[PDB]
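This report concerns only the one structure given below.
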Amino acid sequence: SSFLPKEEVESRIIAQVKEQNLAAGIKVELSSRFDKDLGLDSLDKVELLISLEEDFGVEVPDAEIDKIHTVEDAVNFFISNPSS
Amino acid sequence: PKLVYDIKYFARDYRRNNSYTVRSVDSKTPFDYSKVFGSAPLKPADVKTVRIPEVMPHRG
Amino acid sequence: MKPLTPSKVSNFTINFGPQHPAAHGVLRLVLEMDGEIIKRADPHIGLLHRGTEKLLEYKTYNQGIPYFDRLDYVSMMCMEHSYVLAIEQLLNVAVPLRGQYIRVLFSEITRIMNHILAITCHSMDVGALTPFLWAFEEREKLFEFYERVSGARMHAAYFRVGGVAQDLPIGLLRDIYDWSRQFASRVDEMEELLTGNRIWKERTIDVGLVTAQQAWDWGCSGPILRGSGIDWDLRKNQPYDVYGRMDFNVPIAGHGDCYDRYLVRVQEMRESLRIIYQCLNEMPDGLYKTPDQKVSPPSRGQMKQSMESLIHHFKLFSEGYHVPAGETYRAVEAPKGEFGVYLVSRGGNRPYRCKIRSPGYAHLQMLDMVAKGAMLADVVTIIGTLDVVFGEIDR
Amino acid sequence: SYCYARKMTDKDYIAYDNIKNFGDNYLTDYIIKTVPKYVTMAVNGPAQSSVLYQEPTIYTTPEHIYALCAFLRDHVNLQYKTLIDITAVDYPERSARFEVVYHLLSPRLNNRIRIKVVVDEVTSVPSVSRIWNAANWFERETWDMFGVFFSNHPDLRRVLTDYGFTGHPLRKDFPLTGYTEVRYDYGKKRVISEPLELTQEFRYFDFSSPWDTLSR
Amino acid sequence: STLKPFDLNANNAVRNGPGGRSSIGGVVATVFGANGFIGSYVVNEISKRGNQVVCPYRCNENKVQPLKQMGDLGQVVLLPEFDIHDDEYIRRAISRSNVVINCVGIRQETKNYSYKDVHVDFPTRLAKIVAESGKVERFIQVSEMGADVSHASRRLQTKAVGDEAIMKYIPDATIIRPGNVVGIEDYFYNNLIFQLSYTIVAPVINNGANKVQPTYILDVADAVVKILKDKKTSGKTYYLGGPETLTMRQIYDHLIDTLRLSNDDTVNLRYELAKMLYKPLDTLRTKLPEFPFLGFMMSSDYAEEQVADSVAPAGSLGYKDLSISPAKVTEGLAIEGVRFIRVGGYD
Amino acid sequence: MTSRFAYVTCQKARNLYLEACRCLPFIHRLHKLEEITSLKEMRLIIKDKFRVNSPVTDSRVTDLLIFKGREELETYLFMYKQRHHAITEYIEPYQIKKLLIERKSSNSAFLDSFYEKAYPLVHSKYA
Amino acid sequence: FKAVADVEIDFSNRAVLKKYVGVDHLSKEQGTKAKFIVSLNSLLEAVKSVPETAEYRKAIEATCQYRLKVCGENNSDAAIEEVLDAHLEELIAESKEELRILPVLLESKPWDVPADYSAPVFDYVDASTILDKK
Amino acid sequence: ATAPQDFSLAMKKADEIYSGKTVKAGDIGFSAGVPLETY
Ligand SMILES: NC(=O)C1=CN([C@@H]2O[C@H](COP(=O)(O)OP(=O)(O)OC[C@H]3O[C@@H](n4cnc5c(N)ncnc54)[C@H](OP(=O)(O)O)[C@@H]3O)[C@@H](O)[C@H]2O)C=CC1
Ligand SMILES: CCCCCCCCCCCC(=O)SCCNC(=O)CCNC(=O)[C@H](O)C(C)(C)COP(=O)(O)O
């Protein structure tokens, strides 16, 4: 179901994740909860999702925002969606 | 003017002589509809009117 | 299996800014229009909000009268009248008959100037400029009466708690009576030029239609009520001065359109002339302000000759009178509608809360309902009939 | 109901005797007995209509305000077709600071009634716009000046204060001069807002007398 | 952030208030050339903080109208009749002043005043008058970056001679040397725009090789404030260049880009030709009054100063010593004025 | 119509922030702010505006704060406020803060305020 | 009142009056006596939903009975207008306006109160009454 | 000390009938909308 290469989208999303003040230093990879591993706040999570909105020209449902929790979940969501 | 040589404000003091009484009203006692509609006219002849007050109160 | 029917969309969210041929003051009006027809009108006010209500709370009762003069620069006397009536009700002060007559007289005079300005500025907004200049000479004649009684042509501050500031100068009643002998002819001259004019008829008929139910629902008062068929006048239904003695007839129209309200305003001018004539003939002699010197200042010779009068003068011009704790709402039939003051007193020398009820606030709220389906040109006429003053709307 | 002009001549009367009596002395008792749940207390005092008469003031709670207003407008005997104004008064000494005041007119009864709902900063008052269309702007003004939220209002926005104003000016804790001031800057060719500075400070003159008794 | 005092003697006594318009700052300033482009912003900065500014001006009520709004009541003093040759008036102007800023300069010559008068004679006489007083504590002179004694252009040479005279008479004076100043009322971008749009051809001296360091007006005004807030700055010359160094060709290209001109209207008017076309026209200027038709650009002095690199010397004082980060003049608010004209979505 | 096979708001502020972020491009285009500021740059300011009100925990006060913030957004969205308002109140201070260079003061916080003014509670202008 | 129309019309016709003052806006129906009787009887039928021993219901019953009486002795429709101080059209609209709020009153049921309900009433005594005499 | 027996009677009675809902300390200050440095 991967519309575009898994390596490219993961590299791009982690590149945008690095841009946030924290969420860096020793652990920027997969299996990292936004609020339980990276110290991100909920508003910071929403802003990062909007930055991915700018990067990948595709919208995210708000209920999906309630569902997304991890770096894996965001890349899976963006690869799944055909507009990508 | 009868106030030149006869000065007594307490007799003519209306500002500080107002008071408020207290009552308690209950739903158990029925309202008197006889007062409201017994005095109401039933025909044009029985109509009574309240005239407009010509002047507001003045001391004179 | 029956086809559905789609509809159309409205755009052109214009901004109609402060515009000189309109009701005086600054109006910012955002209008959403489907083509040339208005679908929503949202008046933006607060451009002349000077914080009047809160300033009153920091001043004594006598120090706050000029606020009411400046709330409505067109009709000063009627605006200060409600404030002084409310303070009188809380103070339980009785006004002498001469002062009551003077208040009624000057209220009718300011009513006439208000109606002159309303009608002629409305005609100017339509585009006729001759009645406007023909009217300023009359309005000057009336401003000279103001400058005679108070020394200020506009912000007299003549009405005071318990009576009037000074007595009528000698010779004033003759001049007012002469102005009255010629006023009817001047009004007839204006009425011929306006009434019966085909362009004026076409511009004003069936514009701004209001029904009696709509007027009561939106809280309108005065000419708006009387142009729709409502026989309601505060001067008659709820008299507040020697207005009860006065003999005059309510003008009534039924359509509710702009033309009906113009006719009502002209007839109101005539009725005010009749009331002025009655006041002139029946003007009593005696005190013009209340005899009580614990609420009104003593006369200057009296303060300069008596110790008690000097004490009262000092304590009235420094501290002011203390108004007993209570609340009251007193309304007057202002030329623009019903103007009321909700005064809350806690027993001090300053008002705790002085809410001002604007007659034009409800009319501007009614603007959207009235100005539905109209054109860009109709907005000026609709605003003219409401006759809104934005210093009066924005306290 | 609606005071449609009926009598062409000799309508000199202020109103009929019975209509005056029912509203001069039976009005408060009639309201309390007819709709007891809505009313908590009633005050008869100096008249709004005139100096000589007396009109009721009813205190009700925020939950019952909509039903009380609907009853007042459409009851056959009491037809308060008009909402004169809506107002709030700030009483910082009380836990429930704000008293939202409703002023009504009955053209048929030639009478005025005053309705008060006592709330605090957090609680909200249901909007009565469906009962009287005039309420919309009055409730918007009350929200702007005092900060009282009105529930189910069609669009609750500030009216009088400047754009971007966050404080509520008529609250007794708000400074008379405010917190900010407006000036044009030459460097930045814009009109800007700055913290307040006063060339001459407001002079409060304390005139209260120890011997006065009217102050409550 | 903590407000820093104006380092003037006995300021601590007089100063009081938050530092705003209605506050009291212990600075009384005589800004010569107040109605000018540079002077108006300096007056705004000094008066904004509650200080009193004396503005001597040659009679022109409409030109000095913006200065009236700058300060509170009695803070901006406008003296009606200013003459550079009148000593008594200069003494009266600086009577109460403890800081004097000189922004008086002429871009072009006329019959009444030459470069040698305004840029040399006035600084020396004013320097003597300030020196004899003693009350004046700070002196600031504004000059160009390219001003040098060994300069072909007469304007930039006379300016350097006047600066040396000022340094001789007042040793503790500070010589502010900004680059081409960008602003709404500037003579840099406005003249370039007028050249590109209402002129038949835009002559560019050589190919635009000459390098320049333009700076924003707010940056120079803040640098003046930082000079006055530090006494250690006295006796030093500050080269207030911009953050980025650009050749004239880059600036012309970027103006063409921002304005979305159809194509390039600039032409190559190489040197040794402007030196022949404008050489008689300088003598024409010296015998005729000020005329809007021809000025500044159409002079040999402008060509001579546009064949050299007006850049800050490597070892030099600048914005970093004053702890100011200059804003870029090709982006942001600085470029809004030219941006409003056309951006290709506009008209 | 049935078979056994047939059948087998703590974050209100987050929603308000999502509304603001989604409406940001519209106010950028409406207020001609493309060149002056970027979408990311405003998204950064909006978070601080939200964070100033963090201490509150009561639901009703939170509701009032959210309603007021929605009003603040609606002013810009409906063109009640103007371009210069957006420049003055959000974009300019953020750009000033980025452009600010300051010397790390060796004096503690008390010493600096003591040198500055007698009453620290009074504000300072043009610091 | 005074008509503001220069045209001369007869106001004793009792229909030209209604056309002039705009009663037709309130209701397009003529508003005869029988319509008033029907409206009052329909209000009486409607108020049956309110419990029998409810003060509101007693009030509506008393008012409807009073107006049915006033209809009784007065055979002229204008006489009813004079006694009730209203046009027949607005008298008819009155009962419908009463009908609109019955649903809102049946949702909250204001008449339900405990048998110890007590509403304190404060009354104002004027100083003019005591000072002049007692 | 006895009683005012005036409008203050209804004032006190309105006081005792009504009450305010409890909120955490300082929460209302945020609702006020004034500068936070005021507190
Ligand atoms: N591009 C720039 O703006 C730069 C400017 N500078 C230097 O700063 C100084 C001024 O900058 P700018 O303000 O742009 O120049 P302006 O010409 O804009 O300001 C000149 C001021 O000097 C006054 N002035 C000129 N000649 C006389 C005179 N003979 N007698 C009295 N007053 C006089 C003018 O008054 P009036 O209006 O009556 O003539 C005007 O107020 C100049 O020396 C300039 O070289 C430094 C770097 C770059
Ligand atoms: C140009 C246009 C700009 C528009 C500007 C608009 C600015 C609006 C400012 C309004 C601020 C508010 O609403 S403040 C909303 C009420 N404040 C609260 O604190 C309630 C609960 N707070 C929290 O949970 C955390 O502090 C939090 C960090 C919010 C985590 O958000 P989440 O609840 O998801 O977890």
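Ligands are numbered from 1 in the order shown, residues from 1 within each chain, and chains are lettered A, B, ... in the order they appear in the structure tokens.
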
Contact residues around residue 26 of chain F with only C-alpha atoms at 12 Å, ignoring same-chain residues under 6 positions, as a VMD selection string: chain F and resid 19 to 20 32 to 34 39 73 to 74 76 to 79

Protein and nucleic residues near ligand 1, 7 Å, only C-alpha atoms and all ligand atoms, as a ChimeraX atom specification: /E:33-39,57-58,82-84,103-107,113,118,142-145,177-181,186-188

For the residues in that selection, give me N, CA, C and O atoms as a compact mmCIF listing (two decimals), in the first residue's frame.
```txt
# COMPACT_ATOMS: atom_id res chain seq x y z
N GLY E 33 19.49 70.37 10.97
CA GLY E 33 18.98 69.55 9.89
C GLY E 33 17.84 68.65 10.29
O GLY E 33 17.70 67.56 9.74
N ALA E 34 17.02 69.08 11.26
CA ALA E 34 15.97 68.22 11.79
C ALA E 34 14.95 67.83 10.72
O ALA E 34 14.50 66.68 10.67
N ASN E 35 14.57 68.78 9.86
CA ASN E 35 13.55 68.51 8.86
C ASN E 35 14.02 67.57 7.76
O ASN E 35 13.20 67.14 6.94
N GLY E 36 15.31 67.24 7.72
CA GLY E 36 15.84 66.34 6.71
C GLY E 36 15.45 64.90 6.96
O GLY E 36 14.80 64.54 7.95
N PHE E 37 15.85 64.04 6.02
CA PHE E 37 15.53 62.62 6.12
C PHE E 37 16.18 61.98 7.34
O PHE E 37 15.52 61.31 8.14
N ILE E 38 17.49 62.20 7.52
CA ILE E 38 18.19 61.62 8.66
C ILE E 38 17.76 62.32 9.95
O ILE E 38 17.55 61.67 10.98
N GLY E 39 17.64 63.64 9.91
CA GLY E 39 17.40 64.40 11.12
C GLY E 39 16.05 64.10 11.75
O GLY E 39 15.92 64.09 12.98
N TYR E 57 15.44 75.36 11.95
CA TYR E 57 15.07 75.08 10.57
C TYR E 57 14.99 76.37 9.76
O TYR E 57 14.62 77.42 10.28
N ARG E 58 15.37 76.28 8.49
CA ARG E 58 15.13 77.37 7.56
C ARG E 58 13.64 77.49 7.31
O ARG E 58 12.97 76.47 7.10
N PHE E 82 16.84 79.84 10.73
CA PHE E 82 18.16 79.25 10.88
C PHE E 82 19.03 79.65 9.70
O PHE E 82 18.65 79.44 8.55
N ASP E 83 20.20 80.22 9.99
CA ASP E 83 21.20 80.51 8.98
C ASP E 83 22.53 79.93 9.42
O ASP E 83 22.92 80.10 10.58
N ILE E 84 23.22 79.25 8.50
CA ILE E 84 24.49 78.63 8.85
C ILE E 84 25.57 79.67 9.13
O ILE E 84 26.57 79.36 9.78
N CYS E 103 23.22 67.20 11.34
CA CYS E 103 22.83 66.45 10.15
C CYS E 103 22.73 67.35 8.92
O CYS E 103 22.04 67.00 7.96
N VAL E 104 23.38 68.51 8.94
CA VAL E 104 23.25 69.49 7.86
C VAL E 104 24.22 69.14 6.74
O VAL E 104 25.44 69.10 6.95
N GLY E 105 23.68 68.88 5.56
CA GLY E 105 24.49 68.57 4.39
C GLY E 105 23.69 68.78 3.13
O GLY E 105 22.46 68.74 3.15
N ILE E 106 24.40 69.01 2.03
CA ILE E 106 23.78 69.23 0.73
C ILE E 106 24.25 68.17 -0.26
O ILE E 106 25.45 67.88 -0.35
N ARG E 107 23.29 67.55 -0.95
CA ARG E 107 23.62 66.59 -2.00
C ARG E 107 24.16 67.28 -3.24
O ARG E 107 25.01 66.72 -3.94
N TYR E 113 24.91 78.40 -1.83
CA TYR E 113 25.75 77.60 -0.95
C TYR E 113 26.51 76.57 -1.78
O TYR E 113 25.91 75.88 -2.61
N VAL E 118 28.87 74.61 3.38
CA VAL E 118 28.03 73.79 4.26
C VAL E 118 28.85 72.72 4.96
O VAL E 118 28.68 72.48 6.16
N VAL E 142 27.11 63.27 11.53
CA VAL E 142 26.71 62.24 10.57
C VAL E 142 27.42 62.50 9.25
O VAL E 142 27.34 63.61 8.71
N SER E 143 28.11 61.49 8.74
CA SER E 143 28.85 61.61 7.49
C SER E 143 28.65 60.36 6.66
O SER E 143 28.11 59.35 7.13
N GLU E 144 29.07 60.42 5.40
CA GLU E 144 29.02 59.27 4.51
C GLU E 144 30.16 58.30 4.81
O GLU E 144 31.19 58.66 5.39
N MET E 145 29.97 57.04 4.40
CA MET E 145 31.04 56.06 4.54
C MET E 145 32.21 56.37 3.62
O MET E 145 33.38 56.26 4.02
N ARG E 177 28.99 57.35 10.58
CA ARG E 177 29.24 57.23 9.14
C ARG E 177 28.38 56.11 8.55
O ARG E 177 28.89 55.02 8.25
N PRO E 178 27.09 56.34 8.37
CA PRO E 178 26.23 55.31 7.79
C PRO E 178 26.43 55.19 6.28
O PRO E 178 26.95 56.08 5.62
N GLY E 179 25.99 54.05 5.76
CA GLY E 179 25.96 53.83 4.33
C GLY E 179 24.73 54.46 3.71
O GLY E 179 24.03 55.27 4.31
N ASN E 180 24.48 54.09 2.46
CA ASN E 180 23.26 54.52 1.79
C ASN E 180 22.04 54.10 2.59
O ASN E 180 21.78 52.91 2.77
N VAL E 181 21.29 55.08 3.09
CA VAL E 181 20.21 54.83 4.03
C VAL E 181 18.92 54.58 3.27
O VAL E 181 18.54 55.37 2.40
N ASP E 186 13.73 58.22 1.78
CA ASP E 186 15.14 58.18 1.43
C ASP E 186 15.37 58.73 0.02
O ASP E 186 14.44 58.92 -0.77
N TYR E 187 16.64 59.01 -0.27
CA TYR E 187 17.06 59.45 -1.59
C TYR E 187 17.81 58.36 -2.34
O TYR E 187 18.42 58.64 -3.38
N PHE E 188 17.79 57.13 -1.83
CA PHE E 188 18.47 56.03 -2.49
C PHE E 188 17.49 55.25 -3.36
O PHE E 188 17.54 55.32 -4.59
```

Would you mind listing, for every residue of chain H within 12 Å of ligand 2, the two atoms forming the shortest contact and the distance between them in Å to one decimal, using only C-alpha atoms and all ligand atoms, sorted by chain and ascending residue number, as CSV?
```
residue,atom,partner,partner_atom_place_in_ligand_line,distance
H:27,CA,ligand 2,17 (N),10.0
H:30,CA,ligand 2,17 (N),9.3
H:31,CA,ligand 2,16 (C),10.0
H:33,CA,ligand 2,10 (C),11.0
```

Long-range neighbours of segment 90-97 of chain G as a ChimeraX atom specification, 7 Å cut-off, only C-alpha atoms, 3 positions minimum in chain: /D:1,74,76 /G:36,39-40,43,86-87,100

Two-atom distance - atom CA of residue 152 of chain C, atom CA of residue 67 of chain C (Å): 14.9 Å

Contact set, chain C to chain D: 8 Å, only C-alpha atoms, as a PyMOL selection string: chain C and resi 44-47+49+53-55+89-90+212-213+216-219+229-232+236-240+252+318-319+322-325+327-331+346-349+353+355+357+362+365-366+394

Spatial neighbours of residue 36 of chain H, 12 Å, only C-alpha atoms, chain gap at least 6 places, as a tab-separated table (two decimals) with N, CA and C atoms, in the first residue's frame:
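See around.tsv below for the written result:
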```tsv
chain	number	residue	atom	x	y	z
D	166	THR	N	-9.50	43.30	25.28
D	166	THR	CA	-9.78	42.08	26.03
D	166	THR	C	-10.43	42.34	27.38
D	167	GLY	N	-10.14	43.48	28.01
D	167	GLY	CA	-10.75	43.79	29.28
D	167	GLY	C	-12.18	44.26	29.15
D	179	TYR	N	-5.52	50.70	30.59
D	179	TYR	CA	-4.15	50.22	30.68
D	179	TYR	C	-3.26	50.64	29.52
F	52	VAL	N	0.38	31.39	27.26
F	52	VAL	CA	0.31	32.38	28.34
F	52	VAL	C	-0.81	32.03	29.32
F	53	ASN	N	-1.86	31.35	28.86
F	53	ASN	CA	-3.03	31.04	29.68
F	53	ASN	C	-3.00	29.61	30.22
F	55	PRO	N	-1.94	28.24	33.17
F	55	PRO	CA	-2.23	27.85	34.56
F	55	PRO	C	-3.68	27.50	34.85
H	26	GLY	N	-7.40	32.60	41.38
H	26	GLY	CA	-6.66	33.18	40.28
H	26	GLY	C	-7.24	32.90	38.90
H	27	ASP	N	-8.17	31.96	38.79
H	27	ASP	CA	-8.73	31.61	37.49
H	27	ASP	C	-9.52	32.77	36.90
H	28	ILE	N	-10.27	33.49	37.74
H	28	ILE	CA	-11.07	34.61	37.25
H	28	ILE	C	-10.17	35.72	36.71
H	29	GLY	N	-8.97	35.88	37.26
H	29	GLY	CA	-8.08	36.91	36.78
H	29	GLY	C	-7.72	36.75	35.32
H	30	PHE	N	-7.58	35.50	34.86
H	30	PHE	CA	-7.37	35.25	33.44
H	30	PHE	C	-8.60	35.61	32.61
```

Filtered DSSP result for chain B, state strand (DSSP E or B), as a ChimeraX atom specification: /B:19-26,49-51

Take the selection from the previous step and output its residues with N, CA and C atoms, as a PDB file, in the first residue's frame.
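Written output follows (result-v8.pdb):
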```
ATOM      1  N   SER B  19     -39.153  54.739  53.728  1.00  0.00           N
ATOM      2  CA  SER B  19     -38.858  53.440  54.319  1.00  0.00           C
ATOM      3  C   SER B  19     -39.452  52.332  53.459  1.00  0.00           C
ATOM      4  N   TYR B  20     -39.009  51.104  53.726  1.00  0.00           N
ATOM      5  CA  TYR B  20     -39.443  49.916  53.001  1.00  0.00           C
ATOM      6  C   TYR B  20     -40.028  48.908  53.980  1.00  0.00           C
ATOM      7  N   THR B  21     -41.278  48.515  53.760  1.00  0.00           N
ATOM      8  CA  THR B  21     -41.886  47.458  54.554  1.00  0.00           C
ATOM      9  C   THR B  21     -41.678  46.100  53.879  1.00  0.00           C
ATOM     10  N   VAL B  22     -42.011  45.037  54.609  1.00  0.00           N
ATOM     11  CA  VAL B  22     -41.743  43.668  54.182  1.00  0.00           C
ATOM     12  C   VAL B  22     -43.026  42.852  54.261  1.00  0.00           C
ATOM     13  N   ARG B  23     -43.279  42.047  53.229  1.00  0.00           N
ATOM     14  CA  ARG B  23     -44.354  41.066  53.251  1.00  0.00           C
ATOM     15  C   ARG B  23     -43.842  39.741  52.705  1.00  0.00           C
ATOM     16  N   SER B  24     -44.572  38.676  53.021  1.00  0.00           N
ATOM     17  CA  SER B  24     -44.300  37.344  52.499  1.00  0.00           C
ATOM     18  C   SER B  24     -45.525  36.866  51.735  1.00  0.00           C
ATOM     19  N   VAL B  25     -45.314  36.395  50.509  1.00  0.00           N
ATOM     20  CA  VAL B  25     -46.390  35.912  49.653  1.00  0.00           C
ATOM     21  C   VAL B  25     -46.218  34.414  49.456  1.00  0.00           C
ATOM     22  N   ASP B  26     -47.334  33.689  49.485  1.00  0.00           N
ATOM     23  CA  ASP B  26     -47.335  32.241  49.361  1.00  0.00           C
ATOM     24  C   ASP B  26     -48.299  31.813  48.267  1.00  0.00           C
ATOM     25  N   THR B  49     -62.670  55.907  33.440  1.00  0.00           N
ATOM     26  CA  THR B  49     -61.371  56.283  32.911  1.00  0.00           C
ATOM     27  C   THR B  49     -60.575  57.067  33.944  1.00  0.00           C
ATOM     28  N   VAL B  50     -59.256  56.937  33.866  1.00  0.00           N
ATOM     29  CA  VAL B  50     -58.331  57.675  34.717  1.00  0.00           C
ATOM     30  C   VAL B  50     -57.783  58.839  33.907  1.00  0.00           C
ATOM     31  N   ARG B  51     -57.995  60.055  34.397  1.00  0.00           N
ATOM     32  CA  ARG B  51     -57.543  61.243  33.692  1.00  0.00           C
ATOM     33  C   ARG B  51     -56.035  61.415  33.835  1.00  0.00           C
TER      34      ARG B  51
END
```

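The closest residue to chain D, picked from H:25, H:8, H:16, H:3 and counting only C-alpha atoms, is H:8.
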
Could you list, with a cut-off of 12 Å and counting only C-alpha atoms, the residues of chain C near chain B, each shown with its nearest atom pair and the distance in Å rounded to one decimal, rows sorted by chain and ascending number, as a Markdown table?
```
| residue | atom | partner | partner_atom | distance |
| --- | --- | --- | --- | --- |
| C:85 | CA | B:56 | CA | 11.2 |
| C:87 | CA | B:15 | CA | 11.5 |
| C:88 | CA | B:15 | CA | 10.0 |
| C:89 | CA | B:15 | CA | 9.9 |
| C:90 | CA | B:15 | CA | 8.2 |
| C:91 | CA | B:15 | CA | 5.5 |
| C:92 | CA | B:15 | CA | 5.6 |
| C:93 | CA | B:15 | CA | 7.6 |
| C:94 | CA | B:58 | CA | 4.7 |
| C:95 | CA | B:58 | CA | 5.4 |
| C:96 | CA | B:58 | CA | 5.3 |
| C:97 | CA | B:58 | CA | 6.9 |
| C:98 | CA | B:58 | CA | 10.2 |
| C:99 | CA | B:58 | CA | 10.3 |
| C:100 | CA | B:56 | CA | 8.4 |
| C:101 | CA | B:55 | CA | 9.8 |
| C:104 | CA | B:55 | CA | 11.4 |
| C:162 | CA | B:58 | CA | 10.0 |
| C:163 | CA | B:58 | CA | 11.0 |
| C:234 | CA | B:52 | CA | 11.6 |
| C:235 | CA | B:52 | CA | 10.0 |
| C:236 | CA | B:52 | CA | 7.4 |
| C:237 | CA | B:52 | CA | 8.0 |
| C:238 | CA | B:52 | CA | 8.4 |
| C:239 | CA | B:53 | CA | 7.2 |
| C:240 | CA | B:56 | CA | 7.0 |
| C:241 | CA | B:56 | CA | 5.7 |
| C:242 | CA | B:55 | CA | 4.5 |
| C:243 | CA | B:54 | CA | 7.0 |
| C:244 | CA | B:54 | CA | 4.2 |
| C:245 | CA | B:54 | CA | 4.5 |
| C:246 | CA | B:54 | CA | 8.1 |
| C:247 | CA | B:54 | CA | 10.7 |
| C:286 | CA | B:1 | CA | 9.9 |
| C:287 | CA | B:1 | CA | 9.9 |
| C:288 | CA | B:58 | CA | 11.4 |
| C:289 | CA | B:58 | CA | 10.8 |
| C:290 | CA | B:59 | CA | 8.5 |
| C:291 | CA | B:59 | CA | 8.5 |
| C:292 | CA | B:12 | CA | 8.9 |
| C:293 | CA | B:9 | CA | 10.2 |
| C:294 | CA | B:9 | CA | 9.7 |
| C:295 | CA | B:15 | CA | 9.9 |
| C:302 | CA | B:4 | CA | 11.4 |
| C:306 | CA | B:4 | CA | 11.8 |
| C:308 | CA | B:7 | CA | 11.4 |
| C:321 | CA | B:15 | CA | 10.7 |
| C:322 | CA | B:15 | CA | 9.5 |
| C:323 | CA | B:15 | CA | 8.2 |
| C:324 | CA | B:15 | CA | 7.2 |
| C:325 | CA | B:16 | CA | 10.2 |
| C:326 | CA | B:18 | CA | 10.7 |
| C:347 | CA | B:16 | CA | 10.8 |
```

Chain G contacts to chain B at 6 Å (only C-alpha atoms) as a PyMOL selection string: chain G and resi 70+83+117-127

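Residue nearest chain G, chosen from H:39, H:9, H:34, H:21 and counting only C-alpha atoms: H:9.
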
Selection: 10 Å around residue 19 of chain H, only C-alpha atoms, excl. self and same-chain fewer than 4 positions, as a PyMOL selection string: (chain D and resi 94-97+118-120) or (chain H and resi 14-15)

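Atom pair atom CA of residue 121 of chain F / atom CA of residue 51 of chain E: separated by 22.7 Å.
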
Within 12 Å of segment 151-153 of chain D using only C-alpha atoms, minus same-chain residues under 2 positions, as a PyMOL selection string: (chain D and resi 62-63+65-66+122-130+133+135-140+143+148-149+155-157) or (chain F and resi 63-64+67)

Saved selection, atoms kept: C-alpha atoms, as a short mmCIF file (atom, residue, chain, number, x, y, z; two decimals), in the first residue's frame:
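Written file, part_6.cif:
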```
data_model
loop_
_atom_site.label_atom_id
_atom_site.label_comp_id
_atom_site.auth_asym_id
_atom_site.auth_seq_id
_atom_site.Cartn_x
_atom_site.Cartn_y
_atom_site.Cartn_z
CA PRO D 62 -30.75 32.37 35.19
CA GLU D 63 -32.31 28.99 34.37
CA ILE D 65 -35.30 33.62 32.67
CA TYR D 66 -36.36 32.40 29.22
CA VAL D 122 -18.35 32.06 35.30
CA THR D 123 -22.10 31.42 34.98
CA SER D 124 -23.98 32.26 31.79
CA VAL D 125 -27.45 33.67 31.14
CA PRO D 126 -29.64 32.16 28.40
CA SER D 127 -30.29 34.58 25.56
CA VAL D 128 -33.84 35.91 25.22
CA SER D 129 -33.45 37.04 21.60
CA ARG D 130 -36.18 34.66 20.41
CA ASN D 133 -35.34 40.63 18.75
CA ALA D 135 -32.10 41.71 22.94
CA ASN D 136 -29.30 40.75 20.53
CA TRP D 137 -27.39 44.04 20.65
CA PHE D 138 -28.18 44.60 24.33
CA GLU D 139 -26.70 41.22 25.28
CA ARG D 140 -23.71 41.88 23.03
CA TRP D 143 -20.94 40.88 27.22
CA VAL D 148 -21.34 38.23 31.15
CA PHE D 149 -21.64 35.33 28.73
CA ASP D 155 -23.31 35.64 17.37
CA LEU D 156 -21.88 37.10 20.60
CA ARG D 157 -19.35 39.80 19.66
CA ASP F 63 -14.58 27.97 28.01
CA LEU F 64 -14.51 31.75 28.40
CA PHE F 67 -14.46 31.96 23.31
#
```
